[PDB]
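Trainee: below is the sequence, then the experimental coordinates.
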Amino acid sequence: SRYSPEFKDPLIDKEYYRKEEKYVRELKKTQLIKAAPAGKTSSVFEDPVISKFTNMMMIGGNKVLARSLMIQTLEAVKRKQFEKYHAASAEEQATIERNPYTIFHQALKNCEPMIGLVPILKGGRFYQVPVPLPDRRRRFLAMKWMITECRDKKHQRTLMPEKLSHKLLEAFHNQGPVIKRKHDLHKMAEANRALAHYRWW
Amino acid sequence: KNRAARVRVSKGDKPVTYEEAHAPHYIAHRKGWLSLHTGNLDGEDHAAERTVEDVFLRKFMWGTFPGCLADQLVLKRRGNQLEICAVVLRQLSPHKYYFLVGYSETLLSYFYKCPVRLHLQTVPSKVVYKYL
Amino acid sequence: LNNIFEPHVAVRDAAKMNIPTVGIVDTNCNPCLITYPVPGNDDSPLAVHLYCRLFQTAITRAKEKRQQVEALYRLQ
Amino acid sequence: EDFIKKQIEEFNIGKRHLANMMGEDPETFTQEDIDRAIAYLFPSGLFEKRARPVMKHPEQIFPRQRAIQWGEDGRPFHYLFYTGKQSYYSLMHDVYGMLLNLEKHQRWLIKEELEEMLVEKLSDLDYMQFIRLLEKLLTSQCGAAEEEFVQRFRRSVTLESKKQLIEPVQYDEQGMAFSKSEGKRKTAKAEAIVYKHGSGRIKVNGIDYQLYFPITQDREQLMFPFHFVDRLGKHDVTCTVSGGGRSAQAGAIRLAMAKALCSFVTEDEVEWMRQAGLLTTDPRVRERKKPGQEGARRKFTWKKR
Amino acid sequence: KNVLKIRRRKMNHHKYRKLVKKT
RNA sequence: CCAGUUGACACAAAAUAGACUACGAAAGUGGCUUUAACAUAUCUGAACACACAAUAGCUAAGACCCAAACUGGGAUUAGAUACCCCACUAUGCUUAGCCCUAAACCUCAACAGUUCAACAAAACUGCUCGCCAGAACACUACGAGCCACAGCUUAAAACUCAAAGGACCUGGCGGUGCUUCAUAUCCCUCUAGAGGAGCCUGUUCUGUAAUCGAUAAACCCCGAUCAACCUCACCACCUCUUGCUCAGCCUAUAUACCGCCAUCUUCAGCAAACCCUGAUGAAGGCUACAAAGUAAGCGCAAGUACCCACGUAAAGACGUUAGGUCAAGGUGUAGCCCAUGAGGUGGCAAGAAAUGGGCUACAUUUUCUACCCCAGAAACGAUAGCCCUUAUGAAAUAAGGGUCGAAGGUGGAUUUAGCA
Ligand SMILES: [Mg+2]
Ligand SMILES: [Mg+2]
Ligand SMILES: [Mg+2]
Ligand SMILES: [Mg+2]
Ligand SMILES: [Mg+2]
Ligand SMILES: [Mg+2]
Ligand SMILES: [Mg+2]
Ligand SMILES: [Mg+2]
Ligand SMILES: [Mg+2]
Ligand SMILES: [Mg+2]
Ligand SMILES: [Mg+2]
Ligand SMILES: [Mg+2]
Ligand SMILES: [Mg+2]
Ligand SMILES: [Mg+2]
């Protein structure tokens, strides 16, 4: 890896960059900084979770096209949501969200799993042992599930942005294939439970 | 490993020279270039004929002295000057040295249409690199 | 007697070089090859203090008498 | 040992001849003559830095070792001669004597450095014991003379990496507080002219940023620095981008704008930006294409398996 | 030593027992 | 009759104390009451006799829920009288007709005493009987004794040989328990080309007048930065022992080389010259409240240059496959000396069969178009081959124009690099 050990990984947001203080300042000064990429931005509006989602959605190893398509689909979903909300009631800003960031947060909450089946072994035979996972790992798993569902390579009709918008609208409120896969995984994990007595760690 | 021109450790007081002890990845690092000829240049062309002439001259000079050329020469082309730096060893008497040197110089100057001249390596110590 | 349960190895080195060695041997020692074993206590501090004082005085007087007598003899 | 003196005398004669070569009057020349020589009549060209022509008086290059270890009928230079490395043990005994004297009264170097200082090849545990003794001495009644004698074997702190090279506001050239800068991203360079006033648009390569990069990521990258500093609109630029393509040029412009901002910004925000990561150049640069591999780092398939 | 000199003895004894039981 | 509080039927079995010390020539033993219990105390003196049984077994049987020899039925099962689950028949507790063999070892006999071949149950002499000084044959045929009729005490002689047996030295090994641990290198996690398939491409090898190099480990876009007579270095017809060579060999001995280089290395050290540890033998040189290393020489380290100093081209020690090669090229030695060389003339390019290394698609990503990102078809992939050819030639190789316009809907547990 080219990332030399002399350098370090800084932050990206400017939440705390709005000014123990001297100690933290000296610690940050005693660091060789690199440079942020094109996708990662300091815009407080641009939530970093959508940035990580777009990074995971890197199709063909190109982040430009993936980010453009993701932003277009988010804009389309936001337009549909505001047409369903604005062109309806007066100011009911509590029953429907107000931004695509909140839409993606709700989609993650509805798709973020909680159990991770694992084939743990003890010598030469696997064993069904639910292994825990932190928030980052669960979010990455949900993102990978969304990716492999949106690009299942079996539709052969609809378009990429239309498919993504439809699947997002589905995952919005308990619908779509991602939540079905999550429920199937939960069922498979809860099937055989009395087997977690064979974990080495 | 790679023994392109090196010699791994063996004894301690064995014979070995500079050219007889170097790695392939040190051709220009720890080792120099024994042929600063006007061939392999860039963007200048003309390399095949220059290398052929250099090899011919080196082989001829090695064949001249019998049993006195351990390493190759170091040809130098200063335009119309052929300077030779042979690793010659003190053989016998200076009369034969001068006779052979003059004969070879005249022959090469009349053949190659360019002045040629050499100089012996009167040193009581070789260019030993590794003690081996 | 060093810190470990074992006498000093210098006795064997001395025996391997023809050297008459002296030693403040004790019960835990092994006067096998020592040419001049000196049994005595090694735990009390005053004992070692007296040992070292006697050694200093003896060697100093020996060197002084050496210098004096050798000078007086070479003067002959 | 005689060969050392022989070579020293030979090199002294050589240096005498070299000094006699030049017809000038300065005999105690400095490194200027050696540099001129290496530049003219000694251009080796070897990539290495050791086999190069570095002829110098061996009076200081040739290392020294323990001279004589005995005199009139033996008699070394200390009573710890048979212990090997008598100097180190004598210094340790002196340190212990000073410790006992102080008791009656009431950064560090590397092993190779200590070996070079002395003439003994000490190990690591002996050095640890020496450090322990020095620490015990420093702790036993903090004074001044002993503290300095112990620090003699130590170095200062010399703190670095603190302040930022604050660039001037630059008021010359024209009547605007502009500031030059640059940016790198996969082989790329630029020179921006970010002004201080002008709450409006920005001229990217002489043309607005609407027909140049309609993508929103480019505008977000361009806003990165101004958004971090909160000085958004109040800024006009007439940069001249070159090299790269898309994301490379975007990152170059971002770095140039960040530098132009940090040029005339309070030290607090300057340090915050420097530590956030938007001034230096990340290691992500056009690497060397591996010749022994198909692409970059992707090695052959069934190489080890 | 170990139980090594008795292996051949047991082999011979087992061969004899098998020869007896056979015929 | 499975879990039992109010109770129940064996010749069983000694829960902690058993951590205790004994006798018996030795077997032999431990929860309890009683009969009788420890011979000579100078030793030895039958393997031609009086007796025990270690554990087991034949015969007459009693006999303990509790165990197995005979056991059935089933993981695994390629082939299991054992292994993983139920108990049971001679026998474990008892009286007699009996071989008394063992690891009846504490492999070290009883008394008088005194102070190391190696493994070590320390060393030195007297006393008594027993033992042997070729193994496999030889805990056996045969002979002598036994109520055994599968055996016991002894138990030999032939063909083979250099024997044979025991111990010792640091190593490879640890599906050895464990210590440092493996960072894409390993499982848990994934980013992704390739697996079903189109195109360039050869592998096991076929064919004549068209060799090919271990053409596994390190070959299968390797040498080939590529096979129309050159390139193919491979053979025949006009002629030779001057064959263009004062001949060569691309012919061969990898059990003899020079030559380049991955591999373990993503380690960690090798040793000259010295001085020590084994009653100096195969070997070793061993840890700071310090128990023998200085260690010629080769090393990481110092990076050799750069995107600095990580990371890249390549290691990184004595070495690892008589490593690839007698033919990438030359070469000891043998053969051709009516050639396997050839002076001039004639000869391939296809995969019978499987496969993989690179460019490609299964989806709106195959076409990106005037705009590289403000505007979208077939609803599929819409090949190769062939013809006109950029080039030329006695047989096309990268590809431009026309035609075909396919092969199959990520297809097998997945495979390899990746900590940017
Ligand atoms: Mg007896
Ligand atoms: Mg008797
Ligand atoms: Mg019995
Ligand atoms: Mg039973
Ligand atoms: Mg029974
Ligand atoms: Mg009983
Ligand atoms: Mg018996
Ligand atoms: Mg027994
Ligand atoms: Mg081979
Ligand atoms: Mg290698
Ligand atoms: Mg290095
Ligand atoms: Mg490299
Ligand atoms: Mg070989
Ligand atoms: Mg021929």
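Mentor: Now that the structure is in, tell me what you want to look at. Residues are numbered from 1 along each chain as shown, chains lettered A, B, ... in the order given. Ligands and ions are numbered 1, 2, ... in the order given.
Trainee: for residue D:65, give me its contacts.
Mentor: Applying Cβ atoms under 8 Å, 6 or more residues apart in numbering or on different chains to residue D:65 gives the contacts residue D:119. For the C-beta atoms, the positions are set from N, CA and C on the backbone; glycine is no exception.
Trainee: mind checking how far it is from residue B:25?
Mentor: Spatial separation of residue D:65 from residue B:25 under the definition Cβ to Cβ, to the nearest Å is 34 Å.
Trainee: which positions in stretch A:103-116 come out as buried?
Mentor: Neighbour-count burial for stretch A:103-116 flags A:103, A:104, A:107, A:108, A:110, A:111, A:113, A:115 (criterion: 16 or more other Cβ atoms under 10 Å in any protein chain shown).
Trainee: repeat for stretch A:176-186
Mentor: Neighbour counts using 16+ other Cβ under 10 Å place A:176, A:177, A:178, A:179, A:181, A:182, A:185 of stretch A:176-186 among the buried residues.
Trainee: that stretch near RNA strand F anywhere?
Mentor: No - for stretch A:176-186, no contact with RNA strand F is found by Cβ under 7 Å from any atom of the strand; the gap never falls below 10.4 Å.
Trainee: quick one, strands of chain C?
Mentor: Counting by DSSP state E, residue ranges of the strands within chain C are C:22-23, C:36-37.
Trainee: now for the last one, which elements pack on it?
Mentor: Under the contact definition 3 or more Cβ pairs under 8 Å, 6 or more residues apart in numbering or on different chains; DSSP states H and E, strand C:36-37 sits against strand C:22-23.
Trainee: relative to the whole chain's centre, how far out is the strand it packs on?
Mentor: Centroid separation for strand C:22-23 versus its chain: 4 Å, with Cα atoms, centre = their mean, to the nearest Å.
Trainee: who's in contact with the one helix or strand residue D:135 maps to?
Mentor: Secondary structure assignment for residue D:135, by DSSP states H and E: helix D:125-139. Applying Cβ under 8 Å, 6+ apart, the contact partners of helix D:125-139 are D:88, D:92, D:95-96, D:98-99, D:102, D:108, D:111, D:114, D:146-147, D:150, D:153.
Trainee: for the helix or strand just after that helix, buried residues please.
Mentor: Moving toward the C-terminus from helix D:125-139, the next helix or strand (DSSP H and E) is helix D:145-151. Buried positions in helix D:145-151, judged by neighbour count with 16+ other Cβ under 10 Å: D:146, D:150.
Trainee: any residue of whichever helix or strand comes after helix D:145-151 touching RNA strand F?
Mentor: Later in the chain than helix D:145-151, the nearest helix or strand by DSSP H and E is strand D:189-191. No - using Cβ under 7 Å from any atom of the strand, strand D:189-191 stays clear of RNA strand F, with a minimum separation of 13.0 Å.
Trainee: quick one: name the residues of chain D near chain A.
Mentor: With Cβ under 8 Å from any Cβ of the partner chain as the criterion, chain D meets chain A at residues D:161-162, D:185, D:215-217, D:220-221, D:223-224, D:227-228, D:246-247, D:250-251, D:255, D:268, D:271-284, D:287.
Trainee: what's the most buried one of the strands of chain C?
Mentor: Highest mean neighbour count of those: strand C:22-23, a mean of 16 (counted as mean count of other Cβ atoms under 10 Å in any protein chain shown).
Trainee: one step back: which positions in the helix holding residue D:135 come out as buried?
Mentor: For helix D:125-139, a neighbour-count test (16+ other Cβ under 10 Å) marks D:126, D:127, D:130, D:133, D:134, D:137 as buried.
Trainee: picking that back up, including distance to RNA strand F, could the strands of chain C go into CSV?
Mentor: Below are the strands of chain C laid out as CSV (distance: least, Cβ to the nearest atom of the strand, whole Å):
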stretch, distance to RNA strand F
strand C:22-23, 15
strand C:36-37, 20
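Trainee: those strands: which one's closest to residue B:61?
Mentor: Residue B:61 sits nearest to strand C:22-23 of all the strands of chain C, at 75.4 Å, using Cβ to Cβ.
Trainee: packing partners for that closest one?
Mentor: strand C:36-37.
Trainee: what pairs with the strand it packs on, parallel or antiparallel?
Mentor: In the sheet, strand C:36-37 lines up against strand C:22-23 (parallel) (DSSP bridges).
Trainee: Provide the contact partners of the strand it pairs with at residue level.
Mentor: With contact meaning Cβ under 8 Å, 6+ apart, strand C:22-23 is reached by C:11, C:29, C:31, C:34, C:35, C:36, C:37, C:38.
Trainee: can you confirm residue B:105 is in a helix?
Mentor: Yes - counting by DSSP: H, G, I helix; E, B strand; the rest coil, residue B:105 is found in a helix.
Trainee: residues contacting the nearest residue in space to it that is not next to it in sequence?
Mentor: With sequence-adjacent residues excluded and distances taken as Cβ to Cβ, 6 or more residues apart in numbering or on different chains, residue B:105 is closest to residue B:117, at 5.3 Å. With contacts defined as Cβ under 8 Å, 6+ apart, residue B:117 is in contact with B:82, B:83, B:84, B:105.
Trainee: and what of residue C:34?
Mentor: Residue C:34 is in contact with C:11, C:21, C:22, C:23, C:25, counting by Cβ under 8 Å, 6+ apart.
Trainee: over to residue C:2?
Mentor: residue C:8.
Trainee: end-to-end on stretch D:71-90?
Mentor: Start-to-end span of stretch D:71-90 (Cα to Cα, to the nearest Å) is 19 Å.
Trainee: could you pull out the helices in chain E for me?
Mentor: Using DSSP state H, the helices of chain E run over E:6-22.
Trainee: please work out which residue of it is closest to chain A.
Mentor: In chain E, the residue found nearest to chain A is residue E:2; the distance is 31.3 Å by Cβ to the nearest Cβ.
Trainee: how about chain B?
Mentor: For chain B, Cβ to the nearest Cβ, closest residue to chain A: residue B:25, 22.4 Å.
Trainee: the nearest residue to that residue once chain neighbours are set aside: how many residues sit nearby?
Mentor: Leaving aside its sequence neighbours, residue B:25 sits nearest to residue B:2 (Cβ to Cβ, 6+ apart; 7.7 Å). Counted with other Cβ atoms under 10 Å in any protein chain shown, the neighbours of residue B:2 add up to 8.
Trainee: please apply the same query to residue B:59.
Mentor: By other Cβ under 10 Å, the residues close to residue B:59 number 12.
Trainee: and for the strand or helix carrying it, what's in contact with it?
Mentor: Taking DSSP H and E as the definition, one finds residue B:59 inside helix B:48-64. By Cβ under 8 Å, 6+ apart, the surrounding residues in contact with helix B:48-64 are B:35, B:37-40, B:69, B:72-73, B:75, B:82, B:84, B:86, B:100, B:104, B:118.
Trainee: in helices, which of those fall?
Mentor: Among the contacts of helix B:48-64, DSSP H puts B:100, B:104 in helices.
Trainee: please list only the buried members of the contacts of helix B:48-64.
Mentor: Buried by 16+ other Cβ under 10 Å: B:35, B:37, B:39, B:69, B:72, B:73, B:75, B:82, B:84, B:86, B:104, B:118, out of these.
Trainee: and stretch D:173-192, what's buried?
Mentor: D:176, D:178, D:179, D:181, D:183, D:184, D:185, D:186, D:188, D:190, D:192.
Trainee: can you show me the CA trace of the helix holding residue D:135 as CSV?
Mentor: Output in CSV follows, covering the C-alpha atoms of helix D:125-139 (Å, rounded to 0.1, in the frame of the first residue of the first chain):
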residue,chain,number,x,y,z
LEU,D,125,21.2,-4.9,28.2
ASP,D,126,24.4,-3.1,29.2
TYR,D,127,23.0,0.1,27.7
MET,D,128,19.8,-0.5,29.6
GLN,D,129,21.8,-0.8,32.9
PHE,D,130,23.6,2.4,32.0
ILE,D,131,20.3,4.2,31.4
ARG,D,132,19.0,2.9,34.7
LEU,D,133,22.1,4.2,36.5
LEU,D,134,21.8,7.6,34.8
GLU,D,135,18.1,7.7,35.8
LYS,D,136,19.0,6.9,39.4
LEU,D,137,21.6,9.6,39.3
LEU,D,138,19.1,12.2,37.9
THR,D,139,16.6,11.2,40.6
